[PDB]
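Trainee: Fold the following for me, if possible:
(2 chains, ligands or ions: 11)
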2 protein chains.
Amino acid sequence: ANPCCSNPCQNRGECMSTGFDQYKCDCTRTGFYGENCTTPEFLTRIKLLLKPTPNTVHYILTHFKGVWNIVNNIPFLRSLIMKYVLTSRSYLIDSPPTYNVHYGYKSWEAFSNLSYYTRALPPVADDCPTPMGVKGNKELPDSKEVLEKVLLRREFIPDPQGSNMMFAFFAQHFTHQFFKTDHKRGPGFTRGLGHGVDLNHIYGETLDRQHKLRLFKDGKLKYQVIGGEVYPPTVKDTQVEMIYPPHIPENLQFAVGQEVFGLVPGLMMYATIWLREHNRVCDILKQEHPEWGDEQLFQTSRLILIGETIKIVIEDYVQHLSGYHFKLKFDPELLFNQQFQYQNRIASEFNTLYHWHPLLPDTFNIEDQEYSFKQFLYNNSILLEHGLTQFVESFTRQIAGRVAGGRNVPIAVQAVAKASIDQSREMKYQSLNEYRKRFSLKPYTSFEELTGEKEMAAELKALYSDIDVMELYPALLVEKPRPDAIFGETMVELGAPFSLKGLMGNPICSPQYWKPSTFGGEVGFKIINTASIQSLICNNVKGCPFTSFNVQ
Amino acid sequence: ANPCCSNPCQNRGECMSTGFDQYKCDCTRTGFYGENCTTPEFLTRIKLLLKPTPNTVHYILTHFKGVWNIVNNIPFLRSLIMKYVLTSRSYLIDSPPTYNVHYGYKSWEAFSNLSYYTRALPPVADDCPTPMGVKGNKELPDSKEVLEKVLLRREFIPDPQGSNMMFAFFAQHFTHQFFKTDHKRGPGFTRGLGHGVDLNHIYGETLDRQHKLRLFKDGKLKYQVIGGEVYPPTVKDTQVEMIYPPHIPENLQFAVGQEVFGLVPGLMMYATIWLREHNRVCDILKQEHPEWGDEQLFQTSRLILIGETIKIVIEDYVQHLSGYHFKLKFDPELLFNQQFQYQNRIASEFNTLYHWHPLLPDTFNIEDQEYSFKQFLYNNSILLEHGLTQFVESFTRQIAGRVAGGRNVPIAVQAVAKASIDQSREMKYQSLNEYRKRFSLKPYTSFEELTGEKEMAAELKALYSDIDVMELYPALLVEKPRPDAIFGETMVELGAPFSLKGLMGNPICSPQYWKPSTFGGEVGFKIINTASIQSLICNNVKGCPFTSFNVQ
Ligand code: HEM
Ligand code: HEM
Ligand SMILES: *[C@@H]1O[C@H](CO)[C@@H](O[C@@H]2O[C@H](CO)[C@@H](O)[C@H](O)[C@H]2NC(C)=O)[C@H](O)[C@H]1NC(C)=O
Ligand SMILES: *[C@@H]1O[C@H](CO)[C@@H](O[C@@H]2O[C@H](CO)[C@@H](O)[C@H](O)[C@H]2NC(C)=O)[C@H](O)[C@H]1NC(C)=O
Ligand SMILES: Cc1cnc(NC(=O)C2=C(O)c3ccccc3S(=O)(=O)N2C)s1
Ligand SMILES: Cc1cnc(NC(=O)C2=C(O)c3ccccc3S(=O)(=O)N2C)s1
Ligand SMILES: CCCCCCCCO[C@@H]1O[C@H](CO)[C@@H](O)[C@H](O)[C@H]1O
Ligand SMILES: *[C@@H]1O[C@H](CO)[C@@H](O)[C@H](O)[C@H]1NC(C)=O
Ligand SMILES: *[C@@H]1O[C@H](CO)[C@@H](O)[C@H](O)[C@H]1NC(C)=O
Ligand SMILES: *[C@@H]1O[C@H](CO)[C@@H](O)[C@H](O)[C@H]1NC(C)=O
Ligand SMILES: *[C@@H]1O[C@H](CO)[C@@H](O)[C@H](O)[C@H]1NC(C)=O
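Mentor: Numbers count the residues shown, from 1 in each chain, chains lettered A, B, ... in the order given. Ligands and ions are numbered 1, 2, ... in the order given. Find the structure here:
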C-alpha cells in the first residue's frame, strides 16, 4: 500500500508519501535531483569519475609494502594519510542518528529513546506486499534452508590472514560492551545505553553494579587471589548478577561488568586481564597522586583504560583485520580542525554484521587438551586449571575460522546463525543491495558475482530467485572474500564507518578531554599513547608471554 | 588543603594536584604557557590586541540603527553577519560536557550521567579553607542579609527595554522545559534528560506521560471545550500527575506536559496556546497526508513545533532581550560548513542566571482587575474567566520589571531568591570574578564598578569585604545594567553561549534533519521558517490580537 515500499529514492534521497499511491523524493544535499534523485549535478559527475572503488583502494593498501614502509617511518606523512582516511570514512553515518526499528521516518522518539539501536537504513514498512518491499515473493526463503545450505560448516575453513583465538575472543569481549540486546523488549533494543566504548563490560552498566564491583580503596575493583593469581570476585561475595546455569558451583561464578561473560572462558580471560590492568593503573596513579582519594583514582583509571582500549582496537585489532600495510594511528588531534561529531549511536546493522561466529573453532585447544563446546561453555574451571599464561600462549597459537567465503558457521552455534537471519527479518531489514547502495557500493547483479563461485550461488539462486532479494546477514558470510582475506567487500565497507564513529566519537577524543590532566597527568597520558595488545598482556600476565592477533 | 583551591591556573588551564601541597597547570590549547598559564604565545597577543570588549560589541549592536537597517535588508549581508555571531559565540561552552556538582575533574560518571546539570566551572573542593577557595572569610555573609539589603524590591522598577508580561511568561514557560531541578536528589540534578528544546513541557518527559496526553486520533493532543474555547484536558481525564494544592476542584486541574504549569495562569496561557498550535499542525499535516496514521501525524507535528519554538526564541524572544538593531536569523544551514557539535548539556549556571524573578510585577493586570500573588497563583479560574484573548491583550500592555540594577525582586518570591543564594553555595559555585574570567570578562575591581552606584556598592562591601568573594547570583541582579537595558554585562555574556548551544545544538538543526521531508514536506518546513510570536498567537487565539514582547 505504501508508495515508498519499493525504495525508489536513490543516492540517499528520502522517500515521503504524498497520497495513498504517490511519493516524493527529498533530494536535498545529495548531489542529485529528479523524481528518484538519480540524475547528478555537475560537481557530482566530477566526484564520480575521480573516486576509486573500495577494491581499488583495498588493493593499494594491501600492496606496495615497500612503499608503505617508507610512509610508516615518516611521522608527518603517516599523520597526513591517517588524517585522510579518517575524514573519508565520515560522510556515511547519520550523526545525530535518525531511524530505528519502529520509525522509518525521523521522529523525536527515534532520536531521544536511547533504548533502541539506531538504523542505517529505515525498516521496510509493515504494509508492504513483500518482505523486501515490492520485489521477491510473499514469504522469504526458509531460514533453515539458507542456514543449512550455504552457512553451516562442513569442514573447518581457517582464516588465511591468520587470525587466532586471541583475536576472536578480543572481538567478542570488546564488542559485547555495546552489542547488548535487550531480549525482553525485542531485537531492535539495547541495554548498552552508553552506545559505545564506555567499558561497562568491566565496570557495569549502572552505578549500583559498579559500586558492588568496587573495592572502595585506592580506586580498585574487588578481586580474589586463587593460588597466587588475581581473579574476579564471586557472585556470592559481591551480589552482582551473572548469567550462569544452575549446576555451576558458587566458587566458580566470577562476577564482572558484563552479565554474560561467564559464557566463555575466553571472555573471562579478557575480563580478568582488564581487571588486573585497572588495578595496575590504580597503583601507578596512587604513586603519582598520594593526595588522591579512592573515587578520583577509580575515575581516572577508567578514563585511561577507555583510552588504552581505543588505542589497542585501532593499532592492533583493526590493524590486523584490515590487512593494510599502512600503519593505522590513534590520534584524536587529527580531527581537531575537521568537521566531526563527538557522539555515537550503535546501529542495528553493525551488530548484525559483527556476528562473526565462523571465527570459532570446532574444539578449543589449550595446551594438551582439546575442549568441545559443551566442555568449554560456562566453564571457568578451565581458566583456573591452566591459568592466564597458558590461555594466552594457547590462544595465540590456535587458528580462527574464515568469516566470509561461506559454509564456515560451526554447527554448535547453528541456532545463533539462524536467529540472526530470523531477527533480521523480524526487524524488517532491507535487502543486501539496498545496503550496498547506501554504503556507496555497486549492487551485485547476480548470486555468482556475490559468492565468486558457482555451487553456493546456484544454491542461493534457487532460494531467492532475485539477487535484489538476497538478505544482508547471509550475504556477508557467503560473500566472495578479498584475496586471501577474512572478509568480503560489504563487510569492511559497512563495518569501518560504524566502528570509526564508535572509537573516534568517544568524548575522551574531544579537544577538551584529550589532554594529560584528564588522565592524571603525563604518566597516565603515556599509558594510553603507548598501549598495545602485547603490553596489556605483558603487564598483567605472569611471564610476559608473547601475543598477537595472528598466528606465528 | 587542596593545592588547587586558589584557582591558580588562568585562561582556562586545568589545575591538577601533584602532591599534597603542589599543583600543575595543564595549558594545553589555551594559547598561553608558564606555571599558571599566563604568559601568552605569540599568536595570542595578536588576538588580544585585535578583539573588542563585550561592551564595545554591544555598543555597535545597539547603535547605528541606520546602518543595521541596510544590513538587515541585504540577505547576503545579514546571513554573513549571523554566521559570524554564531561562531564567535561557540568556543566558550565545553561540548561534550565536563564537570558537575560532584566532579571538579573530568570523569566518565560526570560525562555519562544525564541526571546532573553540567558545570561551566568546576565546584570548589570540599576541603578548601573558604567557600570561594582561599579568599574571604570561613563563612559567606548571611544570605538573608544579602537578600534584604540589595535584592528585595522597594518600589517597582520597570524595564527600560519595555519587556512585557508576554515576554516574562514566555521566558518562564520556555526555559522550564530544561530547568527542572530534581529536588529529591539536590539542586545540581535535573529531571530534564533531554537537556534542551524537546518540548517535554508540552508532550511530557516520558512515553507513558505522553501517551496519556494524546488523543490517538489525527496525531492530536487531548483537549476539552469550555465555553467555546479549547483548553487542556484534566487530571481525571488523562491520569497524568500534576502539582496542585488540595483545594483545587477536579474540573480545574488542567493536565499539561510540565507538571508545575498549573501553578501560574501565565504558564497555563502558553500551555494552551502551544496545545492549540500542535493540533492545528495536525490538521494541516492530515490534509497534506491523508495516507498518514496517528503516530506519524503526532511525531511530525512535534518536530514542527520544536522548530517553531527555536525560530520564535531566536528571532522574537532573544531578538527583544538583546536590544540589537541587527535582525537575528534562525538558519541551521549557516553552521553546515563550520565546526559545531550538535549536542547540549544544560549547565547549572545557565539555570542560576536565568532566575529572572525581578520580571514579576506587584500585581498581575488582566483588564479591569489587578490580582495579587495569592489571587494569581494556582488560580486557573482567572484564565477561564477572562479568556485567552484578553490575557494576551493585557499581558502585552503590562510592563515587566528590570532584572539587573538591584532591588527589584518582589517579596512574594523572597524565599526563591534566597534559595538561589543558598543553593549556589550548596553547589560550591566559584566567585563572580572567576566566572567573568571563565567567560573572557575582566574581573570587577570594586563593588562600585559592579553596581555602577554607591549605596548598594558600599552595602555589599561591608558584607563581602573583598570583591573577589562576590557571589555570582546576587551579582547578576545587582549589576550595572547596559544603558537603558534589562541586563548587565555578566548576564548577557554567560547567557548567550549557553542559550546558543541549547537552540542550535538541537538535532533538527543538523544537516541530515534540516530538510523538507523531516517535517512532512515543504508545507511543514514553511511553518517553522515563517513562525513568529505574533503568528503563533494570531493562529491560536480568538480574534487574532496583536502581540509582541515590547510594550506599545
Ligand atoms: C564460544 C564462543 C561463542 C558463543 C558460545 C557464542 C554464542 C552466542 C549466542 C548464544 C548469542 C545470542 C545470545 C542472545 O542473543 O541472548 C550470541 C550473540 C552474538 N555473538 Fe556470539 N558466541 C561466541 C563467540 C562470538 C564471537 C567470537 C564473536 C565475534 C564478534 C561473537 C559475536 C556476537 C555478537 C555481536 C552477538 C549479538 C549480541 C547481542 O546483541 O546481545 N560471538 N553469541
Ligand atoms: C508568578 C510567577 C513566578 C513564580 C510564583 C515563581 C516561583 C518560583 C519557585 C517557587 C521556584 C522554585 C521551585 C522549586 O524549588 O521547586 C522557581 C524557580 C525558578 N524560576 Fe520562578 N517564579 C515565577 C516566575 C518566573 C519567571 C518569569 C522566570 C523567568 C525566567 C522564572 C525563572 C525560574 C527558573 C529558571 C527556576 C529554576 C527552575 C528549576 O530548576 O526547577 N520564574 N520559581
Ligand atoms: C546519576 O548520579 C546520581 C547521583 O549519584 C545517581 O544516584 C544515586 O544512586 C544510588 C544507587 O545507585 C543511591 O544510593 C544514591 O542515593 C543516588 N543519589 C541520589 C539519590 O542523589 C544515579 O544513579 C546516576 N544515574 C545513573 C543512571 O547512573
Ligand atoms: C523507548 O521505547 C520503548 C518502545 O516503545 C518504550 O517501551 C514501552 O514503554 C511503555 C511504557 O510507556 C511500555 O508499556 C511498553 O511495554 C514498552 N514497550 C517495549 C517494547 O519495551 C520505552 O519506554 C521507551 N523509553 C523511554 C526512555 O521512553
Ligand atoms: C569488519 C570491519 C572492517 N573494518 C573495520 N573497521 C575499520 O576498517 C576501520 C576502523 O574501525 C577505524 C577505526 C579508527 C580510525 C579509522 C578506522 S577505519 O579507517 O574506519 N578503519 C580501518 S571493522
Ligand atoms: C540573558 C541572555 C542574554 N543573551 C541570550 N542569548 C543570546 O544573547 C544569544 C542567543 O541566545 C543566540 C541564539 C541563537 C543564535 C545566536 C544567539 S546568540 O548570538 O548567542 N545571542 C543573541 S540569553
Ligand atoms: C523592601 C524591603 C526592604 C527590606 C528591609 C531591610 C532593609 C535593610 O536594608 C536597608 O534598607 C534601606 C531601604 O532601601 C536602604 O536604604 C539601606 O541601604 C539598606 O541597608
Ligand atoms: C522512479 O522509480 C519508479 C519506481 O521504481 C520507476 O517506475 C520510474 O521509472 C522511475 N522514474 C525515473 C524518472 O527515474
Ligand atoms: C568443565 O571443565 C572442566 C575443566 O577442569 C572439565 O574437567 C569438566 O569436564 C567440564 N564440565 C563439563 C560439564 O563439561
Ligand atoms: C601562580 O599562582 C600561585 C597561586 O595564586 C602564586 O602563589 C604564584 O606566585 C603564581 N606564580 C606565578 C609564576 O605567577
Ligand atoms: C481565584 O480567582 C478568582 C477569580 O477567578 C478570584 O476572585 C479569587 O480570589 C481567587 N482565589 C484566591 C484563593 O485568591
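
Trainee: drop to CA atoms for contacts and neighbour counts, all remaining ones
Mentor: Will do.

Trainee: Nearest spatial neighbour of residue A:155, chain-adjacent residues omitted?
Mentor: residue A:408 (7.5 Å; Cα to Cα, 6 or more residues apart in numbering or on different chains).

Trainee: Please name the residues that touch residue A:72.
Mentor: If you count contacts by Cα atoms under 8 Å, 6 or more residues apart in numbering or on different chains, residue A:72 has them with A:78, A:326-327.

Trainee: As TSV, those with neighbour count, distance to ligand 9 and secondary structure would be great.
Mentor: As requested, these are arranged in TSV below (neighbours: other Cα atoms under 10 Å in any protein chain shown; distance: Cα to the nearest ligand atom, whole Å; DSSP: H, G, I helix; E, B strand; the rest coil):
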residue	neighbour count	distance to ligand 9	secondary structure
A:78	18	47	helix
A:326	23	42	coil
A:327	21	40	coil
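
Trainee: What's the local residue count around residue A:367?
Mentor: Residues within reach of residue A:367, counting by other Cα atoms under 10 Å in any protein chain shown, total 13.

Trainee: And for residue A:1?
Mentor: Residue A:1 has 12 neighbours, counted by other Cα under 10 Å.

Trainee: how much space is there between it and ligand 1?
Mentor: From residue A:1 across to ligand 1, the span is 32 Å (Cα to the nearest ligand atom, to the nearest Å).

Trainee: tell me the contacts of that residue?
Mentor: Taking Cα under 8 Å, 6+ apart as the criterion, residue A:1 is in contact with A:20-21, A:127-129.

Trainee: Also within reach of ligand 3: list those from those residues.
Mentor: Of the entries in those, none also sits close to ligand 3 under the rule Cα under 6 Å from any ligand atom.

Trainee: quick one, phi psi at the nearest residue to residue A:104 once chain neighbours are set aside?
Mentor: Spatial nearest neighbour of residue A:104, chain neighbours left out: residue A:122 (4.6 Å); criterion: Cα to Cα, 6+ apart. Residue A:122 adopts backbone torsions of phi -60, psi 150, taken as degrees, to the nearest 10.

Trainee: ok so, going back, can I get the contacts of residue A:72 in JSON lines with distance to ligand 5?
Mentor: Below are these laid out as JSON lines (distance: Cα to the nearest ligand atom, whole Å):
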{"residue": "A:78", "distance to ligand 5": "13"}
{"residue": "A:326", "distance to ligand 5": "10"}
{"residue": "A:327", "distance to ligand 5": "10"}
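
Trainee: closest to residue B:438 among the residues you listed?
Mentor: Closest approach to residue B:438 among the contacts of residue A:72 (Cα to Cα): residue A:78, at 37.0 Å.

Trainee: Go ahead and confirm that closest one touches residue A:68.
Mentor: No. Judged on Cα atoms under 8 Å, residue A:78 makes no contact with residue A:68 at a distance of 9.3 Å.

Trainee: if we can go back for a sec, tell me the one among the contacts of residue A:72 nearest to chain B.
Mentor: Each of those was checked against chain B using Cα to the nearest Cα; the closest is residue A:78, at 22.8 Å.

Trainee: and the gap between that closest one and ligand 1?
Mentor: When Cα to the nearest ligand atom is applied, the distance between residue A:78 and ligand 1 equals 29 Å.

Trainee: Equivalent analysis for residue A:516, please.
Mentor: Shown here: residue A:516 relative to ligand 1, a distance of 33 Å by Cα to the nearest ligand atom.

Trainee: So residue A:497 is in contact with residue A:95, correct?
Mentor: No. No contact is recorded between residue A:497 and residue A:95 when judged using Cα under 8 Å, the distance being 11.6 Å.

Trainee: Between those two, tell me which one has more neighbours.
Mentor: Summary of the neighbour comparison: residue A:497 and residue A:95, criterion other Cα under 10 Å, with residue A:95 having more neighbours (22 against 19).

Trainee: was I right about the more buried one contacting residue A:341?
Mentor: Yes. Counting by Cα under 8 Å, residue A:95 does reach residue A:341; the two are 6.7 Å apart.

Trainee: Which element is encountered next along the chain beyond the top helix by length along chain A?
Mentor: When every helix of chain A is counted residue by residue (DSSP state H), the longest turns out to be helix A:265-288. Beyond helix A:265-288 on the C-terminal side, the first helix or strand identified by DSSP states H and E is helix A:294-312.

Trainee: is chain B contacted by that next one?
Mentor: Yes. With Cα under 8 Å from any Cα of the partner chain as the measure, helix A:294-312 is seen reaching chain B through A:299-300, A:302-303.

Trainee: Would you reformat those as TSV and include neighbour count and distance to ligand 11?
Mentor: Formatted as TSV, those follow (neighbours: other Cα atoms under 10 Å in any protein chain shown; distance: Cα to the nearest ligand atom, whole Å):
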residue	neighbour count	distance to ligand 11
A:299	21	52
A:300	26	55
A:302	26	56
A:303	24	55
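
Trainee: from those residues, which are also near ligand 7?
Mentor: Within the set of the residues of helix A:294-312 next to chain B, contact with ligand 7 (Cα under 6 Å from any ligand atom) is found for no member.

Trainee: mind listing what residue A:548 touches?
Mentor: The neighbours of residue A:548, taking Cα under 8 Å, 6+ apart as the test, are A:166-167, A:396, A:533-534.

Trainee: ok, now residue A:434?
Mentor: Contacts for residue A:434 were tallied using Cα under 8 Å, 6+ apart; they are A:443, A:468.

Trainee: Could you measure from it over to residue B:262?
Mentor: When Cα to Cα, to the nearest Å is applied, the distance between residue A:434 and residue B:262 equals 50 Å.
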